[PDB]
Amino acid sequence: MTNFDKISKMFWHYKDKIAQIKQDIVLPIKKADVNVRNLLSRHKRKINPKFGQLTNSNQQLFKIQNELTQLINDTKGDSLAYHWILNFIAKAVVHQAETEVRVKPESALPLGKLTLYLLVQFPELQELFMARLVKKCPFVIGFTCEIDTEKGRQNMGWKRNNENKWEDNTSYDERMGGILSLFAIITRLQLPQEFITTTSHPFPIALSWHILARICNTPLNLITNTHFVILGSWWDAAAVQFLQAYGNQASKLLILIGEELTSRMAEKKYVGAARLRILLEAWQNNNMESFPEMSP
């Protein structure tokens, strides 16, 4: 069972943290001196292109890791600049998941590897990153509320198309799927050899169990197409490794989301539910896919 008061408390903890990020970091930098703002502008735009330069190549991954670490280290003495840049990185990584991973899901693999590396090299990033994930995509911790009211829409990460028109369903769903794709990857990657003996994985595979369990425990009147979308994005990114981790228990939970949850919502004809059932069927036919291994 799931205690939804504690998940709600966890949601509003990260929502309070987003608010704390704005007051204690963003405005200080807005009210700050010019020579430092220019340096951070030079650094801000020297950093942003790196995420797009990732490819399916490990050699290229290691290059981008190194170059981002040198740029973050340029601020390590300066707490306000250091936390401002990590907040920026956390935003840029989520934005990449919302945009590039959306159109090319397999690009979540290199990006997740890069993010996991940054999360252990610079562990102040963990709370900044998780706060940004929860605010923009509350499915990452299994939070769900009604989206009939304007306040509920906002909590669940919806944007405005204009004044009093919500962003279209496809836009929202594909953004959520891309973000969750990235997080899914991270939970099923192992730490690099440089950290794995010394450091706990900061976002381990247990967190994928939480997502599936909590959605399966969510009152069905709150389930929407987006739950099925993010579960399918999750599946393409991590189902193979989830089965490796939890075996028969993973299998029971995959059956629960792919057969039972889709069946119970069948009359809604959610496009995401149809795709999740197709993924279940591929697994049942010993044809489960995973993203191709990265090349040399």
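Numbers for residues come from their place in the sequence shown, where the first is 1.
Trainee: Averaging C-alpha B-factors over each stretch, which comes out higher, 186 to 194 or 172 to 180?
Mentor: Higher mean C-alpha B-factor: 186 to 194.
Trainee: Check the entry's C-alpha temperature factors for 242 to 250 and 62 to 70, then say which stretch has the higher mean.
Mentor: Between 242 to 250 and 62 to 70, it is 62 to 70.
Trainee: Choose from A266, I255, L54, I47 the residue with the greatest Cα B-factor as stated in the PDB record.
Mentor: Going by the entry's C-alpha B-factors, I47 comes out highest.
Trainee: Taking the Cα B-factors listed in the entry, which of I205, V140, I85, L109 comes out highest?
Mentor: Answer, based on the entry's C-alpha B-factors: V140.
Trainee: Would you please rank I18 by its C-alpha temperature factor against the other modelled residues of its chain and give the third it falls in: lowest, middle or highest?
Mentor: For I18, the deposited C-alpha B-factor lands in the highest third.
Trainee: What third of its chain, lowest, middle or highest, does the C-alpha temperature factor of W12 fall into?
Mentor: For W12, whose C-alpha B-factor we compare with every modelled residue in the chain, the answer is the highest third.
Trainee: Quick check for you: using the entry's CA B-factors within this chain, is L222 in the lowest, middle or highest third?
Mentor: For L222, whose C-alpha B-factor we compare with every modelled residue in the chain, the answer is the highest third.
Trainee: Determine, from the deposited record, the chain-internal third of the Cα B-factor for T149: lowest, middle or highest.
Mentor: Within its chain, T149 is a highest-third residue by C-alpha B-factor, going by the deposited values.
Trainee: Ranking every modelled residue in this chain by its Cα temperature factor as given in the entry, which third contains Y117?
Mentor: As the PDB entry reports it, the C-alpha B-factor of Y117 lands in the middle third of its chain.
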